[PDB]
Amino acid sequence: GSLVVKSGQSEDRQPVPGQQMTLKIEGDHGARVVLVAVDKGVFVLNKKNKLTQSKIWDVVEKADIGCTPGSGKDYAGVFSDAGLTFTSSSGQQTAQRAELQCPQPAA
Amino acid sequence: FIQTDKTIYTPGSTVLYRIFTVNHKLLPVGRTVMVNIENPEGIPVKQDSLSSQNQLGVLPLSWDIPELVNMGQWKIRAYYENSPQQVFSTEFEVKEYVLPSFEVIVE
Amino acid sequence: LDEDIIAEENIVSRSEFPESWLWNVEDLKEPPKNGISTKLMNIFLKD
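The rules we used
For every chain, the first residue of the written sequence is numbered 1, i.e. counting runs from 1 onward, and this need not coincide with the entry's numbering; residues without coordinates are not included. The naming scheme follows written order: chains are lettered A onward, ligands numbered 1 onward. Each value given relates to the chains shown, not to the larger assembly they are part of. The side-chain quantities take in all heavy atoms of the structure and omit both hydrogens and water. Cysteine sulfur atoms are paired as a disulfide whenever they come within 2.5 Å of each other. UniProt positions are given in the numbering used here, feature names are shortened, and annotations may be inferred rather than shown by experiment. Only DSSP runs of H or I with at least four residues qualify as helices, and only runs of E with at least two residues qualify as strands; both kinds are numbered from the N terminus onward. Partly exposed describes any residue whose relative accessible area lies between the buried limit of under 20% and the exposed limit of over 50%, with all areas from a 1.4 Å probe on protein chains only and scaled to the type maximum. DSSP bridges decide pairing: two strands pair if at least two such bridges lie between them. Note on geometry: axes are lines fitted to C-alpha atoms, helical ones only across the stretch in contact, with angles between N-to-C directions running from 0 to 180 degrees. Two rings from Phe, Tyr or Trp (for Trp, the six-membered ring) form a pair when their centres sit within 6.5 Å of each other. Planes less than 30 degrees apart are called stacked, planes more than 60 degrees apart edge-to-face, and all others tilted. Consider the ring centre and the ring normal. A charge sits over the ring if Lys NZ or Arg CZ is within 6 Å of that centre and within 35 degrees of that normal. Any carboxyl oxygen of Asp or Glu that lies within 4 Å of a side-chain nitrogen of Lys or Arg is treated as forming a salt bridge with it. What makes two residues a contact is simply this: any of their non-hydrogen atoms within 4.5 Å. Defined here as a combined quantity, buried area equals the accessible surface (1.4 Å probe) lost by two parts on assembly, summed across both. Here a polar contact is taken to be a pair of N or O atoms separated by no more than 3.5 Å, where protein atoms must pair a possible hydrogen donor with a possible acceptor and residues adjacent in sequence count only if both atoms sit in side chains. Each residue is assigned to one of three groups, with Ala, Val, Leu, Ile, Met, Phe, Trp, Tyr, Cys and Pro labelled nonpolar, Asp, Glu, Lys and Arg labelled charged, and all others, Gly among them, labelled polar. For patch detection, residues must exceed 30% relative accessible area and be free of salt bridges, and they are connected within 9 Å for like charges or within 5 Å for nonpolar side chains (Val, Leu, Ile, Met, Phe, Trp, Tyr). Computed with a 1.4 Å probe, the accessible areas rest on the Shrake-Rupley method; for each residue, only the protein chains presented here act as cover.

As documented in the archive entry, the model was determined using X-ray crystallography at 3.900 Å resolution.

What follows is the structure, encoded as structure tokens:
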């Protein structure tokens, strides 16, 4: 969807310790948003193990059942190499898959 | 997905962490989650069992770090009750530190 | 007191120095426009 967080004050400069400030939040309707503010000084000691949207997709992609950029050796390979199984009443079926992870990256 | 407010904590402070529960479609879901917290030497000290039922896939939690404890790399491990084999983890460092006043970049 | 300066009794010291705050939760149920809701929060910056 989309989630943006900008300054409510559509004007002015830098605030002063103790001063209030409007905080605009542009997100999807019906969505719940959890917030958190941290002093940048903390990240100077440690910036690892954070939470990023990019790190999320990186995990989703790793859990993909497809193990080939495309195509295959044969018709039964195209489906399997794309994360699918074909089976017909004529006999044409795909290669039996019985292993969770993708092929061990054999360079 | 585990989220901690800070990246590093001092012995005596409180750690605020939230657990996001979603399915393969990244859509929120109500399930039973088992959350543990291990020390640098891989030894669980606290274990909870809350449910994201009607919580909109967000489990707010917190744990106070005792003054007497080993410093180093701590880990928070969570997993669905219906799949003990699949475990997710996020690390947070524990050290006696003091927030500096400037950052240093090496490019 | 008469000096062109501020007395000690008139200087409120800054004490609130948190490392992490604003641990709040807000829902976007406001009138949607183009599928994009907008909530305006009034936060209290620390010292």
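Description of the UniProt feature "disulfide bond" in chain A
All names here are of chain A. The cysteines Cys 67 and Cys 102 that UniProt joins by a disulfide are bonded here; their SG atoms are 2.0 Å apart. Here the residue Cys 67 occupies a position in the loop between α1 (53-62) and α2 (75-80), and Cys 102 occupies one in the segment after α2, the gap between them amounting to 35 residues. Residue classification places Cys 67 among the partly exposed residues on the basis of a relative accessible area of 27%.

Looking at the sheet that holds strand β3 (residues 37-44) of chain C
Spatial ordering of the open sheet is given by β1(A)-β2(A)-β3(C), a layout of three strands whose pairing is antiparallel. The two strands at the open ends of the sheet, each matched to only one other strand, are β1 (4-7) of chain A together with β3 of chain C. Strand-to-strand twist of the sheet, defined as the mean angle between neighbouring strand axes without regard to direction, takes the value 25°. For strand β2 (residues 20-27) of chain A and β3(C), the ladder comprises eight bridges, and the chain directions are antiparallel.

Looking at the packing of aromatic side chains
The relative placement of two aromatic rings is captured by the distance of their centres and the angle of their planes. Applying the stated rule across the entire model yields four aromatic pairs over all chains. Ring centres of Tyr9(B) and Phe92(B) lie 5.4 Å apart, and the angle between their planes is 90°; this geometry places the pair in the edge-to-face category. Here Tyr9(B), found in strand β2 (residues 8-9), pairs with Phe92(B), found in strand β8 (residues 88-94); they are 83 residues apart in sequence, far enough to count as distant. One aromatic cluster is present, formed by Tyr9(B), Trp63(B), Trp74(B) and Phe92(B) through successive ring pairs. Across from the ring centre of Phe43(A), 4.5 Å away, lies the NZ or CZ of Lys50(A), which sits over that ring.

Concerning the pattern of salt bridges
Per the stated rule, a full pass over the model turns up seven salt bridges over all chains. With a shortest N-O distance of 3.7 Å, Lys6(A) and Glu26(A) are connected by a salt bridge. Residue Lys6(A) is located in strand β1, and its partner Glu26(A) is located in strand β2; the two are separated by 20 residues in the primary sequence. Residue classification places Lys6(A) among the partly exposed positions, given a relative accessible area of 35%. Taking relative accessible area as the criterion, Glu26(A) reaches 23% and is therefore assigned partly exposed. Salt-bridge contacts for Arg77(B) lead to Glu38(B); the nearest nitrogen and oxygen are separated by 3.4 Å. Of this pair, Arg77(B) sits in strand β7 (residues 72-80) while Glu38(B) sits in strand β4 (residues 32-38); the two residues are 39 residues apart in sequence, bridging distant segments of the chain. Judged by relative accessible area, which is 13%, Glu38(B) ranks as buried.

So, the interface of chain C and chain B
On the chain B side, the residues contacting the four residues of chain C number eight residues. Here chain C and chain B share an interface that buries about 650 Å² over both sides, 62% of which is from carbon and sulfur atoms. Ranking the residues of chain C by area buried against chain B places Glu19(C), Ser20(C) and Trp23(C) at the top, with a combined share of 90%. Across the contact surface, chain C and chain B share one salt bridge. Where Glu19(C) meets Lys6(B), a salt bridge forms, and the shortest distance between an N and an O atom there is 3.0 Å. Counting the contacts that link chain C with chain B gives three residue pairs in polar contact. Within the side of chain C that touches chain B, the residues separate by chemical class into one nonpolar, two polar and one charged.

Details of a nonpolar patch on the surface
A surface patch of nonpolar side chains, amounting to about 380 Å² of accessible area, comprises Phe102(B), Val104(B) and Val106(B). Relative to the helices and strands, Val104(B) resides in the segment after β8.

Brief notes about the side chain of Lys39(C)
By the element assignment, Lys39(C) lies in strand β3. In contact with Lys39(C), not counting residues within four places along its chain, are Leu23(A), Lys24(A), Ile25(A), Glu26(C), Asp27(C), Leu28(C) and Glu30(C).

Digging into the sheet that holds strand β1 (residues 2-4) of chain B
All names here are of chain B. Spatially, three strands are ordered β1-β3-β6 in an open sheet, and the strand pairing comes out antiparallel. For this open sheet the edge positions go to β1 and β6 (58-64), each flanked by a neighbour on one side alone. Pairs of neighbouring strands in the sheet enclose a mean axial angle of 25°, with direction left out of account. With seven bridges joining them, strand β3 (residues 14-20) and β6 adopt antiparallel strand pairing. Considered in β6, the bridge of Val 15 is made with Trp 63.

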